[PDB]
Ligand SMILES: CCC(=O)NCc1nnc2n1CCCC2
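The chain that follows stands alone, in the form deposited without this ligand, written as structure tokens.
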């Protein structure tokens, strides 16, 4: 049975106006800015951008990859597909 989301989990994350996007739940470094309540820090592969999202916009990657893991015209998306498949827990800083 599913647990709550935790740092390191792999997802497709949905933002308004963008396709479901390969991403991970990030940790928060000591001294770093914390997300709002009920929000997680999402790192988006390919773009390497961070936004704060709740579970309604988070699709676990294993279940969802057949549907959402296909190339997209959008900037950074196909780099992002490589990262989530090949080195999803690397430093991209």
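Positions refer to the first chain, counted from 1.
- Look at the mean CA B-factor for 55-63 and for 25-33 in the entry; the higher one is 25-33.
- Higher average CA B factor: 68-76, of the stretches 68-76 and 8-16.
Below: the form solved in complex with this ligand, not depicted.
- Using a 4.5 Å cut-off to this ligand in the bound PDB entry, not one of 25, 58 and 61 places a heavy atom inside that distance.
- This ligand in the bound PDB entry is not approached by residue 68, whose heavy atoms all lie more than 4.5 angstroms from it.
- Among residues of the shown chain, residue 10 is not one whose heavy atoms approach this ligand to within 4.5 Å in the bound PDB entry.
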